[PDB]
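Undergrad:
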Amino acid sequence: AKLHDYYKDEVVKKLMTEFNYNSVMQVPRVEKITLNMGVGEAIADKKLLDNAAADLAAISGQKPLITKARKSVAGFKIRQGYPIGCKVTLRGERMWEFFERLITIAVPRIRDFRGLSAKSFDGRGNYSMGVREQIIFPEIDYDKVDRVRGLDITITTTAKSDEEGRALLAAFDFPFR
Amino acid sequence: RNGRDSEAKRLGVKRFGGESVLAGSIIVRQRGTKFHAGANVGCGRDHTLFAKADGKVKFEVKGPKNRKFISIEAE
Amino acid sequence: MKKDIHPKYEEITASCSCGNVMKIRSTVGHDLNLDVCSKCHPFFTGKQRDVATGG
Amino acid sequence: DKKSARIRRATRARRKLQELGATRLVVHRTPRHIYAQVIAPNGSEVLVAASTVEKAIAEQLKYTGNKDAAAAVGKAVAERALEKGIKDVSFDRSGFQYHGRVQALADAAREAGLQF
Amino acid sequence: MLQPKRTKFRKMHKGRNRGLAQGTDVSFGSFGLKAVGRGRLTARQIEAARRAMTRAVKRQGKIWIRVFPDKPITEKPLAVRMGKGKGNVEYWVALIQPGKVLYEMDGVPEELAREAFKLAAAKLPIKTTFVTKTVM
Amino acid sequence: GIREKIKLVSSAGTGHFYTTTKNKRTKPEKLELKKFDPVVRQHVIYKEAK
RNA sequence: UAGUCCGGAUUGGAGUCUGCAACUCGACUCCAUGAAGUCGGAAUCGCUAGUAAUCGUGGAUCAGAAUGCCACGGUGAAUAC
RNA sequence: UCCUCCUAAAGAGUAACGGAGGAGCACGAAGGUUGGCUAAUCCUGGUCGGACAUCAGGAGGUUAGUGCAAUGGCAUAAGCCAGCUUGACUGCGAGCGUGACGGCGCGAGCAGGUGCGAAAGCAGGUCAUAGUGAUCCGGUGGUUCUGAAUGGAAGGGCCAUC
RNA sequence: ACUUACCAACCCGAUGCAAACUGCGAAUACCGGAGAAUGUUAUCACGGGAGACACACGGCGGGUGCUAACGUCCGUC
RNA sequence: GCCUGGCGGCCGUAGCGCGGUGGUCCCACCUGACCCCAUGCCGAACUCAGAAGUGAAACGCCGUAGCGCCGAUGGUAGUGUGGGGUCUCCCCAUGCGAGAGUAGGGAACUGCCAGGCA
RNA sequence: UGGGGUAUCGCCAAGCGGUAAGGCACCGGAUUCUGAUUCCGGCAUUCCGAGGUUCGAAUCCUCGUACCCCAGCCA
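Residue numbers (this note's numbering), protein chains in the order written: chain B, 1 to 177; chain F, 1001 to 1075; chain D, 2001 to 2055; chain C, 3001 to 3116; chain V, 4001 to 4136; chain L, 5001 to 5050.
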């Protein structure tokens, strides 16, 4: 709720100032933050996907939803309805708390941190990034890791254009190399 | 390599428009719901449409998809 | 949220070497020691020493 | 679309009740009102209607759009419907879950004598 | 020789060749070789006639073959009885009716189009005529 | 084909049985179905996946 | 008792000396890196006593360049029916 | 032998050693009901991650799906997911369709008992059309219906069934 | 990373073909209802007796054949 | 009379797209969620308690024909009956008569009930 | 022309739809004055070509190619 209050005064005010909106509700707001961990090496092992699920359970504060295969493809030796990833849809209060931990303490603990790419918008403002280690979150115990498992974050927001998402995210200072 | 066909199933419209029916009479023995059930018409398990009340057969075209209903006018 | 299927997500206090005492909710279940925060991380000095190579 | 999803949830029971030919009590829940109207078996003409936008109902309520308001509306539709000779209807929940204040409205219509 | 790359069924019924044609105006080019007789045209006759045209008006010009075979004709071998299945697909014909512009040509004078269309109409089995591109 | 024939016998004292077919290989468990018993005239539990 | 405080190859940086001149193409030093290798398949070699084994030192050639060659000593076996 | 399309001439039917394909099952959930949901494919962004495994957004519109061929159907979904379940009931059945017949099919409703649903209601298997075999002879369970003097029994019948 | 007489998806414009293609769609035929005239009930049901179940050509619609056959297989007259 | 909401008739002359406008009420987004209830994670949806804020999105209304859609008249194709030929195809008398295309029409029309404004 | 069979390392020959096994050869080392024999190590065919079913093809289906076997008759 720290960055939610910071949103409600200074990001709403700041973006009403920058872009010449009329409505106070036309301003972009971040809808949700989805944390995917598409493990894929669970074609042979179930405890590996269980450990992946424990890691997203630690990084967010929620149980993950173990996702199944939509189509069967033979390129990767999977089958229809076989469990192959896990995700957490963070929204509401926990979106802002995770977003605070993310841009505050998790992003600086990235190895060789140069900055987050500004051209990682999908055309509709929705950011998506990938971390390569789960170690960069302070909850994951470094002595209890077995496999290095990155994950991909996706900030989904209500902006129409992607420069409008540059503005929204950049008003949280959200590093942007 | 050929030379086979099934026995002809005798589908189609058994009672036409304006034709007086008893209750229970089969109107259209058919295969999907080419014709849908309307007022006082039932649809059997093999999509056979049968007269559920007495009257006269009424073929109509209803609804947003231009479906072909079959009503029965009470008569 | 549902009942107890989720991990215990209790408010803790993180503190780094920058003097940034910051209380947050995290499901570690333990108070935290850090080094780098968003305040006083070598991001801009890092970009400067990155560009500053040639000659 | 939320409204269109609701209408396609409604449609099966709507067409089934038009097929049986029963007078239906159509409910309609909005975030600050509930609407209830008794509709003839031809589907075109209404008979009885009460809702929280009527000041006869709205003045005696704290807030239109909660379970007390909906119970008031169900009582009103049952009273007016019994005054106009209608006894036995079929409840068209109109795409909402029979849970919250549509359950309060329909229970209130069953207490006050309307047969379904 | 022209033949569809990939059919849907290998053997077609005979059927009949009645009525008039659909391709009737000189559409693409400027001069046209239009059918008058009914008949049908194998792929060898279309190829023969096209070589007569392409030779005749040399590698200048531009020629459109407006008909395409797409109809398989089956024959039974020699000393085979009747019955015992349908024959085998030997060639492919196009069915022609009176009015089909069989070929078009553009980028030549009219007198060479007369000449190539004479040269190539003597490789076809149907009575044929010369047409021009009429404007509406 | 592979799918065998079994008798669902009645749990009441009657000898009345329904009859049906079971895949014996994939479902080796017995089959209990509360069916209708017309001698008792009542819905009784039926057993005996043969 | 660990590929480890074994092993030092390889490589980056910084140097000293000789020599007109160390890029091809020296030697040595300092910091960093830290491979392969855990006793070697078929096969094969040397040694009978101050010997083998092992440890250092010197010299010739040479401005500078030896793990080679030629010498010198220290410790010092086993076994031969 | 059976199913689907065409031939087949816009009702039905219609032949050939005519053109093309399939069946001789599966399922105790893949059936019943209630509540909900909506595909293929492509584009963009994104850790390993790749033309194609997961995530997010957009275009798109059912080009998808339907346990298995093809045709006709399907959004109110007949498609997809979950809760509870056994109506994959028993006796009948107005009326029809379809066959030379044997036979086959559709069926509102009535009675008894049941499931789901708050209720209206829906449920006598599955989206439909294939998944099959008359009679005799005989096997197993039930029912005194018969039971060659009489009481039983044997055998026979009837119902279920192999 | 730099050039290119070669091919080409999708999309758009224009042109054809289809028994097993259809966002269209006749004539006819068929089913049902009413009405007039005409017809030796021509109609239906039930009962006695059959015969026949090798068809042929000709028109029209087709399959097969080579739009061959006084060919073959259907539909209808 | 104008506007809005519900349930229908009708099923593209009714749908799309582009542009403008609406919020007093209504509607929608919204605010919050410990409770009723819910998520194979998540109050996103469902649900509940509300009403601060905005009509941005949505939805409605008003324009606009770029498209979809409707669509004559005439001619053409086909075809029933009778006749004819040069007869694998056509012609004549006669009855029916398209599909496509053209001119054009065209951004709906309407019933019941309820509420707000005049 | 029909029916059947085969095509897999340089050669002969095994392969079960989720991996390519054997022998001879070849390559390197060793033994030997040198070669043969011998001994120690290796490698190795993405499976005749094209299309399709499948998540996946050497494997299953269809077509083409090349080579074998059987039949191609009564008059």
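The C-beta atom is built at its ideal place from N, Cα and C for all residues, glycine as well.
Once the 5 residues before and after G3021/C are set aside, which same chain residues still bring their CB inside 6 Å of it?
TA: Walking along the fourth sequence from the start, residue 3021/C turns up at place 21. Closer than 6 Å at Cβ, skipping near neighbours: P3041.
Undergrad: Tell me whether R4038/V sits in a helix, a strand or coil according to DSSP, three-state version.
TA: Within the fifth sequence, the letter at position 38 stands for residue 4038/V. Of the three classes helix, strand and coil, the one that applies to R4038/V here is coil, per DSSP.
Undergrad: Can you find the residues in the same chain that come closer than 6 Å, C-beta to C-beta, to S2017/D, ignoring five residues on each side of it along the sequence?
TA: Within the third sequence, numbered from 1, the residue matching residue 2017/D stands at position 17. Contacts found: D2035.
Undergrad: Quick check: is the beta carbon of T2053/D nearer than 9 Å to any beta carbon in chain B?
TA: Your numbering for residue 2053/D matches position 53 in the third sequence. For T2053/D, the answer is no, since every Cβ of chain B falls outside 9 Å of its Cβ.
Undergrad: Please tell me whether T2027/D has its Cβ less than 9 Å away from any Cβ of chain B.
TA: What you label residue 2027/D is simply residue 27 of the third sequence in a count that begins at 1. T2027/D counts as touching chain B.
Undergrad: Using only alpha-carbon positions, find the residue among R3012/C, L3025/C, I3007/C and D3001/C that is nearest to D3088/C.
TA: Walking along the fourth sequence from the start, residue 3088/C turns up at place 88. Nearest option by C-alpha distance: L3025/C.
Undergrad: What does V2036/D reach in chain B if we use C-beta pairs closer than 7 Å?
TA: In the third sequence, residue 2036/D corresponds to position 36, counting from 1. Near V2036/D (Cβ distances below 7 Å), the residues of chain B are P108 and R109.
Undergrad: Helix, strand or coil for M4053/V, going by three-state DSSP, please let me know.
TA: On the fifth sequence, position 53 is the one that residue 4053/V refers to. Here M4053/V sits in helix by DSSP.
Undergrad: Sort out for me which residues DSSP pairs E5004/L with in a bridge.
TA: As a first step, residue 5004/L must be located in the sixth sequence, where it is residue number 4. DSSP lists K5022/L as partners of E5004/L.
Undergrad: Taking the alpha carbon of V1041/F as the reference point, which residue from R1031/F, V1021/F and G1032/F has its own alpha carbon closest?
TA: Working through the second sequence from its first residue, we reach residue 1041/F at position 41. Ranking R1031/F, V1021/F and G1032/F by Cα distance to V1041/F puts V1021/F first.
Undergrad: Using the Cα positions of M4053/V and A4116/V, report the straight-line distance between them to the nearest angstrom.
TA: Along the fifth sequence, read from residue 1 onward, the residue named residue 4053/V stands at position 53. Along the fifth sequence, read from residue 1 onward, the residue named residue 4116/V stands at position 116. The alpha-carbon atoms of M4053/V and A4116/V are separated by roughly 5 Å.
Undergrad: Where does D5037/L land, buried or exposed, given buried means 16+ other C-beta within 10 angstroms?
TA: On the sixth sequence, residue 5037/L is found 37 positions in, with the first residue counted as 1. Buried: at least 16 other Cβ atoms inside 10 Å.
Undergrad: So, does the CB of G2046/D fall closer than 9 Å to a CB anywhere in chain B?
TA: Here residue 2046/D corresponds to residue number 46 of the third sequence, with the count starting at 1. Chain B contact via Cβ: present.
Undergrad: Judging by CA-CA distance, which residue of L3105/C, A3078/C and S3094/C is the nearest neighbour of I3007/C?
TA: Here residue 3007/C refers to the residue found at position 7 of the fourth sequence. Checking every option, the nearest Cα to that of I3007/C belongs to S3094/C.
Undergrad: According to the Cβ coordinates, are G4032/V and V4101/V closer than 9 Å?
TA: Taking the fifth sequence and counting its residues from 1, one reaches residue 4032/V at position 32. Taking the fifth sequence and counting its residues from 1, one reaches residue 4101/V at position 101. For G4032/V and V4101/V, yes; Cβs fall inside 9 Å.
Undergrad: For a contact defined as C-beta to C-beta under 7 Å, what are the partners of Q134/B on chain D?
TA: The count along the first sequence starts at 1 and reaches residue 134/B at position 134. Within chain D, no residue comes near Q134/B; the closest Cβ sits about 14 Å away, beyond 7 Å.
Undergrad: Straight-line CA distance for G3043/C to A3078/C?
TA: Here residue 3043/C refers to the residue found at position 43 of the fourth sequence. Here residue 3078/C refers to the residue found at position 78 of the fourth sequence. If you take the alpha carbons of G3043/C and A3078/C, they lie about 19 Å apart.
Undergrad: Kindly indicate which three-state DSSP category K4011/V falls into: helix, strand or coil?
TA: Here residue 4011/V refers to the residue found at position 11 of the fifth sequence. It is coil, neither helix nor strand.
Undergrad: Can you tell me where the beta strand (DSSP E) holding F1050/F begins and where it ends?
TA: One-based indexing of the second sequence puts residue 1050/F at position 50. Counting along the chain, the beta strand (DSSP E) containing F1050/F begins and ends at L1049 to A1051.
Undergrad: Figure out for me which residue from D3068/C, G3074/C, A3056/C and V3038/C has the closest Cα to the Cα of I3086/C.
TA: For the purposes of this step, residue 3086/C is taken as the residue at position 86 of the fourth sequence. Out of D3068/C, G3074/C, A3056/C and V3038/C, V3038/C has the C-alpha closest to the C-alpha of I3086/C.
Undergrad: Report back the beta-carbon spacing between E97/B and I2024/D to the nearest angstrom; my notes put them in contact at under 8 Å.
TA: Here residue 97/B corresponds to residue number 97 of the first sequence, with the count starting at 1. Here residue 2024/D corresponds to residue number 24 of the third sequence, with the count starting at 1. Sure, about 7 Å apart at Cβ, within 8 Å.
Undergrad: Strictly under 9 Å for the Cβ-Cβ distance: is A52/B near chain D by that measure?
TA: For the purposes of this step, residue 52/B is identified with residue 52 of the first sequence, where counting begins at 1. No, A52/B lies away from the interface with chain D (no Cβ there is under 9 Å from its Cβ).
Undergrad: Please tell me whether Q80/B has its Cβ less than 9 Å away from any Cβ of chain D.
TA: The residue labelled residue 80/B in the question sits at position 80 within the first sequence. Chain D contact via Cβ: absent.
Undergrad: Once the 5 residues before and after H5043/L are set aside, which same chain residues still bring their CB inside 8 Å of it?
TA: In the sixth sequence, counting from the first residue as 1, residue 5043/L sits at position 43. Closer than 8 Å at the Cβ level, and outside the excluded window around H5043/L, lie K5034, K5035, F5036 and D5037.
Undergrad: I'd like to check one pair, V3027/C with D3107/C: are the Cβ atoms closer than 9 Å?
TA: The residue given as residue 3107/C occupies position 107 in the fourth sequence. The residue given as residue 3027/C occupies position 27 in the fourth sequence. For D3107/C and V3027/C, no; Cβs fall outside 9 Å.
Undergrad: Nearest CA to the CA of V131/B: which residue from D122/B, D141/B and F113/B?
TA: If you number the first sequence from 1, residue 131/B lands on position 131. Of the listed residues, the one whose Cα sits closest to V131/B is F113/B.
Undergrad: Measuring only between beta-carbons, confirm whether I33/B sits less than 9 Å from chain D.
TA: Indexing the first sequence from 1 puts residue 33/B at position 33. No, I33/B does not count as interfacial toward chain D.
Undergrad: Where does the unbroken beta strand (DSSP E) through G2046/D begin, and where does it stop?
TA: For the purposes of this step, residue 2046/D is taken as residue 46 along the third sequence, with counting starting at 1. Premise fails: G2046/D lies in the alpha helix (DSSP H), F2044 to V2051, not in any beta strand (DSSP E).
Undergrad: From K5050/L, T5021/L, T5014/L and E5004/L, pick the residue whose C-alpha is nearest to that of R5041/L; which is it?
TA: Reading the sixth sequence from its first residue, position 41 is the one you call residue 5041/L. That would be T5014/L, whose Cα lies nearest to the Cα of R5041/L.
Undergrad: Need the endpoints of the beta strand (DSSP E) that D3092/C sits in, please.
TA: To locate residue 3092/C, count along the fourth sequence from 1; it is residue 92. Taken as a continuous stretch (DSSP letters only), the beta strand (DSSP E) holding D3092/C covers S3090 to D3092.
Undergrad: Taking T4129/V as the reference, which of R4038/V, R4010/V, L4002/V and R4006/V has the closest Cα?
TA: Residue 4129/V sits at position 129 when you count from the first residue of the fifth sequence. Nearest option by C-alpha distance: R4038/V.
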